[PDB]
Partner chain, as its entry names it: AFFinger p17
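Okay, here we've got a single chain as structure tokens, the form solved without its partner chain, with questions on binding and movement later.
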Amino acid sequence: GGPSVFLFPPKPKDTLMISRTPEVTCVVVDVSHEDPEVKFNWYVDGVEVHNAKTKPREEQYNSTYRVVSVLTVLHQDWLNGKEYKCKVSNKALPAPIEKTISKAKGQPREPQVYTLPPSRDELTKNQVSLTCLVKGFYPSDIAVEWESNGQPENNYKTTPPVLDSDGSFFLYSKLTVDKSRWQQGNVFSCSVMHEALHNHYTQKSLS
């Protein structure tokens, strides 16, 4: 039994902001302590490229090693659905393992965002749930946050995007807060970054 390879798309946030640096990540696990050297090759649309950085192998913690390589990407390339391929070679393995990823091809569809106040029954408990629904969007690259009066709240969790039946995606973000904060009528807002949005941004306020 050999090693394994994962390939992570850039952070959705990073591709949508000029100032961020969108990167693709080749990740390699189960690396022979005996043979801990690893060859990374990178292909952007079949053409090989050489600007990838390689990260200090951290012990994967049971004689095995975790080896990560990072390629920066061009925003527009990734947006254009450029196909990114990482190839891993090692002494402890038959043919080098190859994985490709890409911004999934198809119709960009702007998401619609809806905010949902707590159930009448949550009012019982000292902490309540404010729900943000985001739906009808394609492709699934996306980023949701929460803030109130300019400031981020971060006691929120957001679900992974989901294939709806009309071929588009949706997900929800839930933000948990003290009953009080809401009873006041503080105004919270759900904010969404996605390509098919104008300026890649929208935000929707709450109650």
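We call the rigid core the largest set of C-alpha positions that still match within 1.5 Å between the two forms. Positions refer to the first chain, counted from 1.
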{"query": "34-42 or 138-146, whichever carries the higher mean Cα B-factor", "finding": "34-42"}
{"query": "Mean C-alpha temperature factor, higher of 111-119 and 90-98", "finding": "90-98"}
{"query": "Residue selected from 163, 171, 29, 175 by maximal Cα B factor", "finding": "29"}
{"query": "CA B-factor ranking of residue 180, expressed as a third of its chain", "finding": "middle"}
{"query": "Among modelled residues of the same chain, the CA temperature factor third for residue 60", "finding": "highest"}
{"query": "Where the record places residue 51 (Cα B-factor, split into thirds across the chain)", "finding": "highest"}
{"query": "Chain-relative CA temperature factor third for residue 155", "finding": "middle"}
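Although not depicted, the form deposited with its partner chain bound is the subject of the following passage.
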| query | finding |
| --- | --- |
| Partner proximity in the bound PDB entry: residue 46 to its partner chain, non-hydrogen atom cutoff 4.5 Å | no |
| Rigid core superposition between this form and the one not shown: residue from 159, 64, 148, 176 with Cα shift of 2 Å or more | 64 |
| Cα displacement of residue 94 between this form and the one not shown reaching 2 Å, rigid core superposed | yes |
| C-alpha of residue 25 off by 2 Å or more between this form and the one not shown on rigid core | yes |
| Yes/no, residue 40 Cα shift of 2 Å or more between this form and the one not shown with rigid core fixed | yes |
